[PDB]
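These notes concern the structure reproduced below.
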Amino acid sequence: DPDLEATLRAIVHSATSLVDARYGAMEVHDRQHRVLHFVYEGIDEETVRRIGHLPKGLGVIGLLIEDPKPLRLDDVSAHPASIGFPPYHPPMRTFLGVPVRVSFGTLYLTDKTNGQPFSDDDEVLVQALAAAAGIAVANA
Amino acid sequence: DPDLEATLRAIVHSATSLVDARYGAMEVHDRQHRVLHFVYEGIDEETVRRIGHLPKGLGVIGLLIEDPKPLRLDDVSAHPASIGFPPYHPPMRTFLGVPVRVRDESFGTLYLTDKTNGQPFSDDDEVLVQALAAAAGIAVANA
Ligand code: HEM
Ligand code: HEM
């Protein structure tokens with residue numbers, strides 16, 4: 001649906017630019033937790049091709065899907081639910097993930113470019129953007 | 001449509017909180033540019049009654065409908081398209097307006113005034129309100 005995905009991309013781009021994240025993404029899933037939409041920013045096509053397949057919603061991704069609550073991490077790979085990055089996936093450290101809610105999905109940002117953890121303010125802002133995304137999906 | 005207006009009100013409420021505006025509103029119009037929905041935040045019911053009539057889409061409101069582009073102003077009443085506030089309408093100075101759009105159609109405008117720090121709205125404020133407006137566009141388009 002060209003509607004929703006233009007909007008979801010715009011929302012991801014705004015979140016990423018507003019909190020100075022190097023990477024940003026959003027997954028939307030059905031109530032069976034199968035990923036329906038995956039939108040992303042900050043990774044070029046050549047790298048996407050190397051990774052080769054879309055996230056299935058595992059590790060910390062799957063964690064946010066099954067228990068949709070905001071999560072900020074200094075190091076996502078140190079979370080005990082972490083599964084690891086697949087081959088050619090850029091390594092990422094700092095992490096901010098918030099549910100797309102009215103819960104249909106997750107908005108997540110990584111590697112704030114100052115090397116610092118994401119802030120409280122960052123989380124409030126991105127949560128509002130995810131809420132906006134929730135409205136867009138719910139109404140699509 | 002109370003469903004659609006509840007949604008639009010939530011988006012306005014979010015925008016107003018996020019950019020620290022004293023007032024926030026959204027109009028939706030048809031292709032004749034007749035206002036179909038108007039939702040707002042920061043003005044109480046007694047004052048609304050006193051204003052006495054809903055915006056028709058004139059002055060700077062009408063400017064955004066007629067030319068749907070993002071617009072920030074230090075003083076809305078100084079814009080050459082300004083018509084002035086009606087009686088009992090709170091005076092407003094700083095202004096941020098963005099189209100509620102989807103593709104080959106712009107259906108409305110999200111606007112914020114009087115940022116509470118007394119400052120003009122920022123580049124960041126506009127980026128943020130644009131994203132919320134895009135969400136509103138989907139809600140409108142799908143109603
Ligand atoms: C650019 C924004 C992106 C962000 C912020 C992001 C974030 C993450 C994070 C933090 C993990 C670790 C999960 C864990 O260790 O538990 C992960 C895993 C994974 N990522 Fe990404 N990623 C992005 C882009 C992409 C792209 C473009 C692809 C594929 C084309 C991809 C495919 C995968 C896959 C297959 C996994 C394994 C877990 C799963 O399948 O759900 N990612 N991602
Ligand atoms: C609370 C958020 C509100 C904002 C941000 C806002 C903002 C504005 C702005 C920027 C103008 C243009 C001024 C000019 O051209 O000089 C205007 C005019 C106007 N306003 Fe509002 N206003 C709000 C609430 C309301 C309410 C609650 C009413 C009535 C129920 C109302 C009725 C009108 C009318 C009738 C005009 C004359 C232009 C027209 O008819 O479109 N406003 N306002």
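How things are named: the first chain in the structure tokens is A, the next is B, and so on; residues count from 1 in each chain; ligands count from 1 in the order shown.
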Practice item. Output the neighbourhood of ligand 1 as a ChimeraX atom specification, that is, all protein and nucleic acid residues with some atom at most 7 Å from the ligand, counting only C-alpha atoms and all ligand atoms. Key: /A:23-25,40-43,48-49,51-62,76-77,81-86,89,92,95,108-110
Margin query: For the strand (DSSP E) assignment from backbone DSSP, which residues of chain B qualify? Please present them as a PyMOL selection string.
Written below: chain B and resi 21-29+35-41+71-73+95-101+106-115
Worksheet entry | Between atom 42 (N, counted along the ligand's line) of ligand 2 and CA of residue 61 (chain B) - distance in Å to one decimal |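 Taking CA of residue 61 (chain B) as the start and atom 42 (N, counted along the ligand's line) of ligand 2 as the end point, the length is 9.6 Å.
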Measuring between only C-alpha atoms, which one of A:120, A:88, A:32, A:138 shows the shortest distance to chain B?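 Result for the nearest residue to chain B: A:138.
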- Message: I need the residues in chain B that are helix (DSSP H, G or I) according to DSSP; give them as a PyMOL selection string.
- Response: chain B and resi 2-18+45-51+59-66+76-78+123-141
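Across the structure, atom 40 (O, counted along the ligand's line) of ligand 2 and CA of residue 77 (chain B) are spaced 14.0 Å apart.
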What separates CA of residue 88 (chain B) and CA of residue 23 (chain B) is a distance of 14.6 Å
Exercise for the section: With a cut-off of 8 Å and counting only C-alpha atoms, select all residues of chain A in contact with chain B and give the selection as a PyMOL selection string. Expected result: chain A and resi 3-4+7+10-11+14+18+125+128-129+132-133+135-136+139-140
Selected residues written out with C-alpha atoms, as a PDB file, in the first residue's frame:
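Listing of again_23.pdb after writing:
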ATOM      1  CA  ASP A   3      -0.126   5.225   1.220  1.00  0.00           C
ATOM      2  CA  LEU A   4       1.069   3.827   4.437  1.00  0.00           C
ATOM      3  CA  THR A   7       4.076   7.744   5.555  1.00  0.00           C
ATOM      4  CA  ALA A  10       8.646   9.682   6.367  1.00  0.00           C
ATOM      5  CA  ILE A  11       8.097   8.884  10.052  1.00  0.00           C
ATOM      6  CA  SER A  14      12.027  12.110  10.918  1.00  0.00           C
ATOM      7  CA  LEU A  18      15.520  14.224  15.019  1.00  0.00           C
ATOM      8  CA  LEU A 125       9.857  12.108  20.894  1.00  0.00           C
ATOM      9  CA  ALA A 128       5.090  10.124  19.825  1.00  0.00           C
ATOM     10  CA  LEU A 129       6.246   9.360  16.299  1.00  0.00           C
ATOM     11  CA  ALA A 132       1.528   8.703  14.927  1.00  0.00           C
ATOM     12  CA  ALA A 133       2.570   5.596  12.963  1.00  0.00           C
ATOM     13  CA  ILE A 135      -2.719   5.869  13.792  1.00  0.00           C
ATOM     14  CA  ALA A 136      -1.588   5.619  10.176  1.00  0.00           C
ATOM     15  CA  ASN A 139      -6.520   3.657   9.712  1.00  0.00           C
ATOM     16  CA  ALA A 140      -4.981   2.088   6.594  1.00  0.00           C
TER      17      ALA A 140
END
Item to complete: Fewer than 5 positions away in the same chain doesn't count, so skip those; otherwise give me all residues within 7 Å of residue 72 (chain A), counting only C-alpha atoms, as a PyMOL selection string.
Response: chain A and resi 95-97+118
Please extract the residues at most 7 Å from ligand 2, counting only C-alpha atoms and all ligand atoms, and provide them as a PyMOL selection string, using the chain letters and residue numbers of this document.
-> chain B and resi 23-25+40-43+48+51-62+76-77+81-86+89+95+111-113
Problem set entry | Contacts of residue 97 (chain B) at 6 Å (only C-alpha atoms; same-chain gap of 3+ positions) as a list in words |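 Answer for this query is residues 70, 71, 110 and 111 of chain B.
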Practice prompt. Excluding residue 115 (chain A) and any residue of its chain fewer than 6 positions from it, enumerate the residues within 12 Å of it, using only C-alpha atoms, and give them as a ChimeraX atom specification.
Written response: /A:19-22,74-75,92-95
Selection near residue 119 (chain B), 12 Å with only C-alpha atoms, sequence-local residues under 6 positions removed, as a PyMOL selection string: chain B and resi 19-22+72-75+93-96+113+125
